Amino acid sequence: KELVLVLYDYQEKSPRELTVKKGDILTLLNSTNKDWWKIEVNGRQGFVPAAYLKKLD
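First residue of the sequence shown: 6, per PDB author numbering; consecutive thereafter.
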């Protein structure tokens, strides 16, 4: 799976969003929307704004 780094803490604001912490490593599920990426971590799947994320590497 493609690894993604979380740059900054993100707090979920809607039911399909994931709360993530700076430094977390997530798996990328879908990046076809440039603004909101679907990611997976700890058996959960959801969305985080792409501005908080960087593909490794």
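Using N, Cα and C, we set each Cβ at its ideal position, and we do this for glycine too.
- Between the C-alpha atoms of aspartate 62 and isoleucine 30 there is a straight-line separation of about 12 Å.
- DSSP, reduced to helix, strand and coil, places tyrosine 57 within a helical segment of the structure shown.
- The continuous beta strand (DSSP E) containing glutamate 45 extends over residues 41–46.
- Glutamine 50 has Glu45 as its beta-bridge partners, per DSSP.
- Sixteen is the threshold: when 16 or more other Cβ atoms of the shown chains lie within 10 Å of the Cβ of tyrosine 15, as they do, the residue is buried.
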